[PDB]
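Below you'll find the structure, written out as structure tokens, and then a few comments.
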Amino acid sequence: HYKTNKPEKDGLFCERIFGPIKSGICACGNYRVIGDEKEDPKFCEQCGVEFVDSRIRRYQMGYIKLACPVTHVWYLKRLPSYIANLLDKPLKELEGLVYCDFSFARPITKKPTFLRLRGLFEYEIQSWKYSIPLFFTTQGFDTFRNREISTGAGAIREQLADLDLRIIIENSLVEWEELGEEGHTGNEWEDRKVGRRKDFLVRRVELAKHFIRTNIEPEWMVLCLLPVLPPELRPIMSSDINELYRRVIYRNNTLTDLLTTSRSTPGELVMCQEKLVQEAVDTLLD
Amino acid sequence: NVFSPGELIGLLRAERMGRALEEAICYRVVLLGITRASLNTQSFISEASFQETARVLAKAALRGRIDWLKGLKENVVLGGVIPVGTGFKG
Amino acid sequence: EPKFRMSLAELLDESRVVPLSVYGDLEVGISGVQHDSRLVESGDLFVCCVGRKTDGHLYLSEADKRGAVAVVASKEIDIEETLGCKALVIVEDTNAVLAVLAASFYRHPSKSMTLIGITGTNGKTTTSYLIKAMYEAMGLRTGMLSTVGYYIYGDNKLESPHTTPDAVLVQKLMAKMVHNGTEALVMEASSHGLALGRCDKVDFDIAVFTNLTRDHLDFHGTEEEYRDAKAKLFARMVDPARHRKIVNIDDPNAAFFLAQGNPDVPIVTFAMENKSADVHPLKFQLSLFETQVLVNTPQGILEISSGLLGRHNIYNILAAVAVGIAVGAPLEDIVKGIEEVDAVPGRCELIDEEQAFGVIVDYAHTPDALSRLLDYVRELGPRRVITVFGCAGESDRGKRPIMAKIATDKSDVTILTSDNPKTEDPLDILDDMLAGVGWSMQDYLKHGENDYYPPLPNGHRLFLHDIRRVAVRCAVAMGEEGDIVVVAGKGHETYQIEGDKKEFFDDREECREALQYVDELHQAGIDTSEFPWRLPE
DNA sequence: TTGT
DNA sequence: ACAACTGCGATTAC
């Protein structure tokens with residue numbers, strides 16, 4: 001709080017969501033003793049803060065709901081890209097679709113698709129879409145656009161979700177068996193390209209085989225919700241952790257405001273704010 | 001199905017698999033430098049988290065590795081009795 | 001002014017309502033007594049309702065729970081425990097109580113003004129409205145009740161959940177209409193409504209059948225039961241040279257029903273091929289817009305009504321011509337009836353009036369109706385026929401394999417989409433539907449991944465989508481000059497329920513908007529010849 | 001930087 | 001892209 005030194009409600013240091021700042025004291029102003037013989041309410045009706053020792057602030061976590069999904073920096077932007085390994089699409093295409101406004105034609109392969117674009121990277125939205133949205137009911141257009149061309153962070157999640165690891169390992173084994181017949185006979189450049197492709201295929205096979213039997217889903221590589229560290233661990237004197245947290249919170253609430261304002265809002269503004277949110281998440285993580 | 005190209009296995013394990021399996025296993029000796037060796041261990045928290053922490057952490061997280069604390073630094077990080085000397089139950 | 005002669009004990013006593021056990025008198029104020037508990041209101045006497053589903057005791061219990069003043073039952077009923085008036089009367093006869101539920105003055109007006117009953121297997125509602133329009137053009141205002149809406153008298157129709165409303169409530173509404181706002185109260189019910197007892201407890205001036213066949217065979221348990229019930233109801237109240245027996249002579253049930261009853265009633269046949277009926281089209285003007293025929297009969301009118309169907313609509317027009325000529329011998333009075341028949345009513349709605357290919361809406365919720373409508377459209381259809389329909393979630397799934405095959409057989413291009421999910425996965429029922437033609441959802445999708453979408457071995461193309469709106473839009477955008485599109489999901493319904501949520505967006509206006517806006521997609525360059533649409537770049 |  | 005001795009103590013500047 002301003003010139004009060006008190007935790008703000010529904011904030012980074014909020015007492016309600018994390019816990020009380022003092023042992024036995026609460027934000028409502030009435031002290032209580034935990035474990036007393038007399039019946040005592042665990043939490044004040046007036047104030048959400050529970051009556052407990054303030055050690056919880058050390059071990060208690062939080063989470064910010066994100067309107068637009070974000071992609072983990074470790075999986076995407078490392079030189080070995082697990083996302084680019086699973087999705088045979090090149091790394092440059094994914095980095096563009098994440099950071100530079102582009103479009104992916106078919107992000108879902110398990111649902112019916114009327115449009116026959118079937119393209120990897122759509123460098124522009126100049127394709128006729130205004131006549132298509134007016135023709136169909138506008139609500140209907142919204143309903144199918146997800147199976148249609150998607151942008152930013154929905155295509156990656158739909159590709160990771162709608163995917164058959166068995167088909168992936170089958171196709172990779174087939175391509176491995178095909179390659180290597182006479183590649184070594186060629187030049188050093190061609191042999192190097194064949195070798196790199198073969199190594200990429202082997203890594204893809206290994207990743208898919210591990211994903212099959214590890215009770216872990218590749219869907220979780222793109223973060224729908226971001227956890228928040230316990231308050232005590234980032235105590236405000238103020239830390240950068242918390243500065244980046246405030247930045248991503250501000251960008252996310254601005255994005256949510258723009259989304260909830262009206263559907264007729266310009267796509268450029270919400271897309272730029274999505275890029276800003278994803279860059280803030282990247283700076284926070286790594 | 002048993003092994004993939006480019007993998008690293010143990011010499012005794014490779015010989016025992018070659019004796020048992022008719023499937024041709026082509027393996028050649030790679031002398032591994034001290035650093036490389038550490039980065040390739042059974043524990044992702046003791047020897048893998050010494051030079052490239054984030055890389056091995058992301059790899060173990062995506063794989064879902066399970067580490068059995070049979071090493072010293074593993075119990076050191078966990079804050080428990082190290083299975084050395086008086087910590088070895090016999 | 002809901003009813004009259006139902007707010008006094010003497011009125012019920014004069015109606016031969018003998019319950020053998022009563023407390024005090026029916027001093028409670030009630031506009032019209034209703035046998036059904038739902039039709040009755042609080043503080044109103046409710047007589048016992050006779051029915052297979054609800055007996056007299058259950059009806060009396062429901063009336064006492066709803067707050068009816070009087071409840072009739074075989075045993076002692078404690079109606080005064082949760083009612084506004086302590087006076088009640090328990091009648092041990094359920095049928096007699098249901099008959100006496102309608103007031104004497106209420107039942108006398110509807111029986112004296114006029115009455116026209118039309119109970120047919122197929123094409124009954126098409127002839128009922130035609131007869132109503134003919135009677136209105138004759139100079140007497142009247143209403144015809146249908147399965148969709150209960151209309152005792154008047155142009156307006158009150159909302160009713162069941163196909164046939166309560167007899168007492170229908171009589172009360174007919175009396176209220178005949179008191180002011182209606183000159184005649186004709187009670188028309190289908191075969192099931194006539195067999196239940198809705199139109200049976202009413203003096204019918206004219207009781208003709210549009211199509212006599214096996215109706216309610218699974219419910220009644222015996223063939224020709226509805227026809228026998230209609231004949232008995234007509235013989236109960238019959239007058240000389242007043243009842244009309246206009247029906248197709250080819251149907252044996254029609255002749256069996258005409259044989260029963262008073263022989264002094266006028267009998268006539270509306271068959272076209274039969275020479276004894278003297279009716280015949282004698283014209284070749286069949287078309288999707290209007291099918292005019294020059295009927296040459298001594299009793300029937302010269303001009304005929306423009307029907308959308310080839311044989312069903314023609315038979316309905318021929319059956320209605322007799323009722324139109326019975327009132328007036330001049331054929332000029334049948335112009336309004338012909339216009340109302342060509343007005344494209346609810347059932348099997350005609351094509352839109354916009355400049356475009358044929359787009360028809362049909363209620364093909366059964367395989368037999370779907371195949372019949374497809375044959376009717378193939379008869380008229382000069383070119384490719386496109387159909388779009390869906391099954392119902394939790395409906396009999398036995399229907400699903402056959403229908404898809406029946407559609408793929410006749411139609412060259414078939415688009416399947418989920419008309420009513422009804423708490424079942426849309427893709428889950430589409431797979432069961434495609435199982436009839438031999439395909440699975442995994443294949444379709446794999447074929448779908450391919451641009452090819454290989455055509456059925458018979459040479460027809462099958463297409464699948466999960467959203468009904470986009471499917472209807474693609475079907476209405478994929479058309480030729482002579483090609484026709486047929487929507488068979490909901491002919492006379494505009495409610496779409498996916499799970500718990502219910503939406504009313506589905507309507508014919510959605511299809512008309514597609515025909516209106518297809519010009520933009522055509523100018524832009526989108527290709528709708530196949531389901532994988534080619535787009536620029 | 002130095003080398004990996 | 002990654003890493004390059006181990007710790008301790010003092011000050012001033014934020």
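In what follows, chains are A, B, ... by sequence order, proteins preceding strands, each numbered from 1.
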### Message
Tell me which residues in residues 46-58 of chain B lie within less than 4.0 Å of DNA chain E, going by non-hydrogen atoms.
### Response
B:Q51, B:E52

### Query
Under 3.5 Å, is there a donor-acceptor pair between the side chain of B:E74 and the main chain of B:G71?
yes

### Query
Tell me: CG of A:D286 to P of E:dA1, nearest whole Å?
10 Å

All N/O donor-acceptor pairs, side-chain side in residues 205-214 of chain A, below 3.5 Å, sequence neighbours left out:
from   : atom 1 : to    : atom 2 : distance (Å)
A:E206 : OE2    : B:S4  : OG     : 2.4
A:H210 : NE2    : B:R63 : NH1    : 3.0
A:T214 : OG1    : B:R63 : O      : 2.5

## Note on the structure
To the nearest angstrom, the CH2-P distance between A:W74 and E:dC2 comes to 12 Å

### Task
Would you list the pairs meeting side chain to side chain donor-acceptor pair (under 3.5 Å) in which at least one residue belongs to residues 217-226 of chain A, sequence neighbours left out?
A:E217-A:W220

### Task
For A:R78 and E:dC2, give me the distance from atom CZ to atom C1', rounded to whole Å.
10 Å

### Query
In terms of side-chain geometry, is the basic nitrogen of A:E158 or A:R147 positioned less than 4.0 Å from the acidic oxygen of its partner?
no

### Summary
Separation of D:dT4 atom P from B:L32 atom CG, nearest Å, is 17 Å

### Message
Between A:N253 and A:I249 (side chain of the first, backbone of the second, donor and acceptor by atom type, cut-off under 3.5 Å), is there such a pair?
### Response
yes

### Message
Counting the benzene-type ring for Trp, do A:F136 and A:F144 have ring centres under 6.0 Å apart?
### Response
yes

